[PDB]
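**Student:** Numbering (my numbering), first residue to last: 20 to 94. The structure under discussion is supplied below as structure tokens; questions concerning it will follow.
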Ligand SMILES: [Zn+2]
């Protein structure tokens, strides 16, 4: 279905019926669209992100690691 909430990415393929590989998906701090690479963080390592209508917001590598430095424009 859909609503804003946080979900295990690994399960997102059922969610929208349009998977990560199709869903515009972006970092949460970056708003940078994460590709299958950073999506696989949420799939493989199953990092929990947020689900949004038509897209979402997750954490790219930089952010999934350096979460302590929370900036949206990173400067
Ligand atoms: Zn990021």
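Where is the CB? At the ideal position from N, CA and C, for every residue including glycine.
Applying the criterion that 16 or more other CB atoms from any shown protein chain within 10 Å of the CB defines a buried residue, is residue 37 buried or exposed?
**Tutor:** Exposed, by the Cβ-count rule.
**Student:** So residue 94 is in the beta strand (DSSP E); what residue range does that whole segment cover?
**Tutor:** Neither: residue 94 is in no beta strand (DSSP E) and is coded neither H nor E.
**Student:** Just confirm the distance between the C-beta atoms of residue 62 and residue 29, as a whole number of angstroms; I'd bet it's less than 8 Å.
**Tutor:** 5 Å between Cβ atoms; contact.
**Student:** Please tell me whether residue 67 and residue 23 are closer than 8 Å, where the distance is taken between their beta carbons.
**Tutor:** No, the Cβ-Cβ distance between residue 67 and residue 23 is not below 8 Å.
**Student:** Could you name the residues of the same chain whose beta carbon sits closer than 8 Å to that of residue 34, not counting the 5 residues immediately before and after it, in chain order?
**Tutor:** These residues qualify, in order along the chain: 20, 21, 26 and 70.
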